[PDB]
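Excluded from the calculations below are hydrogen atoms, water molecules and symmetry mates; all remaining heavy atoms, backbone and side chain alike, are included. So that the names make sense, note that chain A is the first sequence line, chain B the second, and so on, each numbered from 1.
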Amino acid sequence: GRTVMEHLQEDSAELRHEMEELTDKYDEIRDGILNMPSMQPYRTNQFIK
RNA sequence: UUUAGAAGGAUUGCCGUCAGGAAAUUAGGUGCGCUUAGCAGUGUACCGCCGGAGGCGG
């Protein structure tokens, strides 16, 4: 009853085990969900008040 | 200088059938309404008169 999110911050093998049988690249995926870029305000348009 | 500036919600329709509210009753005792006044105000205006509309006599 926990979310992939909470397990990917601690890396409990509960996932460690389950992913590695179903894929070959859990290492690359976890680094891209744990260091995510932030949204930046860069421009405006006619649809923003 | 406004969470700025813009907008067609539309068309159609069978709610129905039945029925026992019912029985009993104690509202009762008492009681100070009350001292003053002018229907007045003026109590209403009448006949005329020429004129033709407009103006004085009793």
Where is the tightest heavy-atom contact between A:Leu8 and A:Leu34, given as atom of each residue plus distance?
->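 Between these two residues, the closest heavy atoms are O-CD1, 3.4 Å.
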
First locate atom [atom1] of [X], then atom [atom2] of [Y], and finally report the distance between them rounded to the nearest 0.5 Å.
| X | Y | atom1 | atom2 | result |
| --- | --- | --- | --- | --- |
| A:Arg16 | A:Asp11 | CZ | CG | 6.0 Å |
| A:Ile29 | A:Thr23 | CD1 | OG1 | 5.0 Å |
| A:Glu18 | A:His7 | CD | NE2 | 10.0 Å |
| A:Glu20 | A:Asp27 | CD | CG | 8.0 Å |

Glycosidic conformation of B:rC32, taking syn as within 90° of 0 and anti otherwise |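 Syn, angle within 90° of zero.
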
Pick one for B:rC47: is it syn, with its angle within 90° of 0, or anti?
->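 Anti, which is what one calls it when the glycosidic angle falls more than 90° from 0.
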
When the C1'-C2'-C3'-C4' sign is the only test used, does the sugar of [N] come out north or south?
| N | answer |
| --- | --- |
| B:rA19 | south |
| B:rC34 | south |
| B:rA37 | south |
| B:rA27 | south |
| B:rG41 | north |

What pairs with A:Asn45 under side-chain contact (heavy atoms from CB on, under 4.5 Å), at least two apart in sequence or on another chain?
->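 Residues passing side-chain contact (heavy atoms from CB on, under 4.5 Å) with A:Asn45: A:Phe47, A:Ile48.
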
How far, in whole Å, is [M] from [N] if one measures between their [atom1] atoms?
| N | M | atom1 | result |
| --- | --- | --- | --- |
| B:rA27 | B:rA23 | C1' | 24 Å |
| B:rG57 | B:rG51 | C1' | 15 Å |
| B:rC39 | B:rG43 | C1' | 11 Å |
| B:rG5 | B:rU1 | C1' | 13 Å |
| B:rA53 | B:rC49 | P | 13 Å |
| B:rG20 | B:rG16 | P | 24 Å |

Tell me, what's RNA chain B's dot-bracket, Watson-Crick or G-U with both distances under 3.5 Å, | for other-strand, [ ] crossing?
-> .............................................(((((...)))))

In one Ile/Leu/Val/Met/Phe/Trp/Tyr side-chain cluster, 4.5 Å: A:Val4, A:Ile33 |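 Per the 4.5 Å side-chain linkage, A:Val4 and A:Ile33 are co-clustered.
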
Could I get a table of every N or O pair under 3.5 Å where one atom is in the protein and the other is in nucleotides 2-5 of chain B?
unit_1 : atom_1 : unit_2  : atom_2 : d
B:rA4  : OP2    : A:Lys49 : NZ     : 3.2
B:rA4  : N6     : A:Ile48 : O      : 3.3
B:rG5  : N1     : A:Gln46 : O      : 3.3
B:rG5  : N2     : A:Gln46 : O      : 3.2

Would B:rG38 and B:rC39 be classed as stacked, given the thresholds of under 5.5 Å between six-membered ring centres and under 30° between planes?
->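 Not stacked, because at least one condition fails for the base rings of B:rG38 and B:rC39.
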
Mark yes when both conditions hold for B:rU44 and B:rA45 (six-membered ring centres under 5.5 angstrom, interplanar angle under 30 degrees), and no otherwise.
->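 The answer is yes; the two bases are stacked.
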
